[PDB]
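A.B. asks: The structure is given below, and queries will be raised subsequently.
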Amino acid sequence: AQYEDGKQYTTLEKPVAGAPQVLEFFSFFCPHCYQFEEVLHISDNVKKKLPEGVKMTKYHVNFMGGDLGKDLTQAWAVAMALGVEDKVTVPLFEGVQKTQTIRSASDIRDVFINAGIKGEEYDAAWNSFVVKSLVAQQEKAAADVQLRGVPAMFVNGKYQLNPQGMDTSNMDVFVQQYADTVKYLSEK
């Protein structure tokens with residue numbers, strides 16, 4: 001074919017029922033995630049090519065960055081609850097990986113404050129049980145799909161993007177290829 005299992009994607013031998021349609025995993029400690037977000041804008045270009053009706057879900061993972069990794073998963077939960085994902089993603093990436101000014105929960109919190117969320121609202125969210133189950137969801141979703149590496153994308157709990165089998169000589173071409181693959185798997 002032109003799209004072959006084992007080349008632009010792999011198939012989960014233990015499919016996952018009820019799974020979000022498009023499910024993406026990242027870590028603010030993950031260097032290719034930094035690239036995927038700031039340089040390539042993968043999420044963004046995929047959305048651009050999804051059919052109508054398709055919801056896009058993105059989760060953080062715990063297995064990078066030790067104690068600060070979990071803090072970042074909780075904070076991502078806060079971002080999801082407050083709907084401020086688009087205002088914290090970049091400063092969180094640049095704080096962990098570029099400037100190295102995020103060394104504790106307290107520094108994560110500063111990013112939110114400077115992004116305009118208020119202390120009282122953040123601290124409230126941070127400690128809320130809605131955020132706890134949001135954290136649990138992130139963890140369950142990773143758990144359901146063997147997950148040990150990021151960035152990672154799953155379509156309908158059955159197909160997993162395999163970006164290693166696509167050309168990277170041209171980053172625009174890498175992205176379109178990736179996005180078109182997601183569309184193909186979407187329609188499958």
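Each chain in the structure tokens gets a letter, A, B and so on, in the order shown; residues start at 1 in every chain, and ligands are counted from 1 in the order they appear.
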Give me the residues near residue 62 of chain A as a ChimeraX atom specification, where near means some atom within 12 Å (using only C-alpha atoms) and where sequence neighbours in that chain fewer than 5 positions away do not count.
C.D. replies: /A:25-30,67-76,135-136,138-140,142-143,147-150
A.B. asks: Save the residues we just selected, N, CA and C atoms, as a tab-separated table (two decimals), in the first residue's frame?
C.D. replies:
chain	number	residue	atom	x	y	z
A	25	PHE	N	0.16	12.38	23.79
A	25	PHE	CA	0.90	12.40	25.06
A	25	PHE	C	2.19	13.18	24.94
A	26	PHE	N	2.49	14.01	25.93
A	26	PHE	CA	3.73	14.73	25.93
A	26	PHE	C	4.27	14.89	27.35
A	27	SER	N	5.50	15.42	27.46
A	27	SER	CA	6.08	15.83	28.73
A	27	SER	C	6.82	17.14	28.49
A	28	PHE	N	6.75	18.04	29.45
A	28	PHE	CA	7.43	19.31	29.30
A	28	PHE	C	8.94	19.10	29.41
A	29	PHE	N	9.34	17.88	29.79
A	29	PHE	CA	10.75	17.49	29.85
A	29	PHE	C	11.25	16.84	28.54
A	30	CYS	N	10.29	16.50	27.69
A	30	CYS	CA	10.53	15.78	26.46
A	30	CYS	C	11.03	16.72	25.35
A	67	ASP	N	9.85	14.06	40.51
A	67	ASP	CA	8.84	14.73	41.33
A	67	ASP	C	8.22	15.93	40.61
A	68	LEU	N	9.05	16.64	39.86
A	68	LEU	CA	8.59	17.77	39.09
A	68	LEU	C	7.74	17.36	37.90
A	69	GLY	N	7.94	16.14	37.40
A	69	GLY	CA	7.10	15.56	36.37
A	69	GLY	C	5.64	15.38	36.76
A	70	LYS	N	5.41	14.90	37.98
A	70	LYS	CA	4.05	14.78	38.48
A	70	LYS	C	3.42	16.15	38.69
A	71	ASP	N	4.16	17.07	39.32
A	71	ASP	CA	3.70	18.46	39.48
A	71	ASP	C	3.23	19.00	38.13
A	72	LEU	N	3.98	18.71	37.07
A	72	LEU	CA	3.62	19.21	35.76
A	72	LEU	C	2.35	18.53	35.24
A	73	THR	N	2.13	17.26	35.58
A	73	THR	CA	0.88	16.60	35.21
A	73	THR	C	-0.32	17.18	35.95
A	74	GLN	N	-0.15	17.44	37.24
A	74	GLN	CA	-1.20	18.15	37.97
A	74	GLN	C	-1.46	19.55	37.38
A	75	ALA	N	-0.41	20.31	37.10
A	75	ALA	CA	-0.57	21.65	36.54
A	75	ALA	C	-1.25	21.60	35.17
A	76	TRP	N	-0.94	20.57	34.39
A	76	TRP	CA	-1.60	20.45	33.09
A	76	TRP	C	-3.09	20.23	33.36
A	135	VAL	N	-6.17	14.47	36.71
A	135	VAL	CA	-4.87	13.80	36.86
A	135	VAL	C	-4.99	12.29	36.66
A	136	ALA	N	-6.05	11.70	37.20
A	136	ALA	CA	-6.25	10.27	37.13
A	136	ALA	C	-6.53	9.85	35.70
A	138	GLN	N	-5.46	11.33	32.99
A	138	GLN	CA	-4.19	11.42	32.28
A	138	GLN	C	-3.38	10.17	32.50
A	139	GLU	N	-3.39	9.73	33.75
A	139	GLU	CA	-2.68	8.53	34.12
A	139	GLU	C	-3.37	7.29	33.56
A	140	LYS	N	-4.70	7.22	33.64
A	140	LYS	CA	-5.36	6.02	33.15
A	140	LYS	C	-5.12	5.85	31.65
A	142	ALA	N	-2.71	6.84	29.81
A	142	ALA	CA	-1.36	6.40	29.51
A	142	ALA	C	-1.27	4.91	29.78
A	143	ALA	N	-1.73	4.54	30.97
A	143	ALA	CA	-1.82	3.16	31.45
A	143	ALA	C	-2.50	2.23	30.45
A	147	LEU	N	2.11	2.96	27.69
A	147	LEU	CA	2.94	4.13	27.36
A	147	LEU	C	4.27	4.30	28.11
A	148	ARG	N	5.39	4.31	27.36
A	148	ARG	CA	6.74	4.51	27.89
A	148	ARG	C	7.54	5.54	27.08
A	149	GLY	N	6.97	6.07	26.00
A	149	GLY	CA	7.71	7.13	25.35
A	149	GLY	C	6.81	8.19	24.79
A	150	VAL	N	7.32	9.42	24.81
A	150	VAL	CA	6.64	10.58	24.25
A	150	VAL	C	7.62	11.28	23.33
A.B. asks: Skipping near chain neighbours, those fewer than 4 positions away, what residues fall within 7 Å of residue 157 of chain A using only C-alpha atoms, listed as a ChimeraX atom specification?
C.D. replies: /A:15-17,19
A.B. asks: Would you tabulate, counting only C-alpha atoms, all residues of segment 14-76 of chain A that have an atom at most 7 Å from an atom of segment 166-188 of chain A, showing the closest pair of atoms and their distance in Å to one decimal, sorted by chain then ascending number, as JSON lines?
C.D. replies:
{"residue": "A:40", "atom": "CA", "partner": "A:175", "partner_atom": "CA", "distance": 6.8}
{"residue": "A:42", "atom": "CA", "partner": "A:175", "partner_atom": "CA", "distance": 6.4}
{"residue": "A:45", "atom": "CA", "partner": "A:179", "partner_atom": "CA", "distance": 6.5}
{"residue": "A:46", "atom": "CA", "partner": "A:179", "partner_atom": "CA", "distance": 4.7}
{"residue": "A:49", "atom": "CA", "partner": "A:183", "partner_atom": "CA", "distance": 6.4}
{"residue": "A:50", "atom": "CA", "partner": "A:183", "partner_atom": "CA", "distance": 5.8}
A.B. asks: Can you check which residues of segment 35-139 of chain A DSSP gives as helix (DSSP H, G or I) on the backbone and send them as JSON, numbers by chain?
C.D. replies: {"A": [35, 36, 37, 38, 39, 42, 43, 44, 45, 46, 47, 66, 67, 68, 69, 70, 71, 72, 73, 74, 75, 76, 77, 78, 79, 80, 81, 82, 85, 86, 87, 88, 89, 90, 91, 92, 93, 94, 95, 96, 97, 98, 105, 106, 107, 108, 109, 110, 111, 112, 113, 114, 119, 120, 121, 122, 123, 124, 125, 126, 127, 129, 130, 131, 132, 133, 134, 135, 136, 137, 138, 139]}
A.B. asks: Just how far from atom CA of residue 158 of chain A is atom CA of residue 13 of chain A, in Å to one decimal?
C.D. replies: 8.1 Å
A.B. asks: Which residue, A:33, A:141, A:88, A:23, has the smallest gap to residue 155 of chain A when you use only C-alpha atoms?
C.D. replies: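 Once distances to residue 155 of chain A are computed over only C-alpha atoms, the minimum belongs to A:23.
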A.B. asks: Quick one: distance from atom CA of residue 160 of chain A to atom CA of residue 24 of chain A in Å, one decimal?
C.D. replies: 9.9 Å
A.B. asks: Please provide the set of residues having any atom within 10 Å of residue 44 of chain A, restricted to only C-alpha atoms, with same-chain residues fewer than 6 positions apart removed, written as a list in words.
C.D. replies: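 Listed by chain and then number, they are residues 36, 37, 56 and 179 of chain A.
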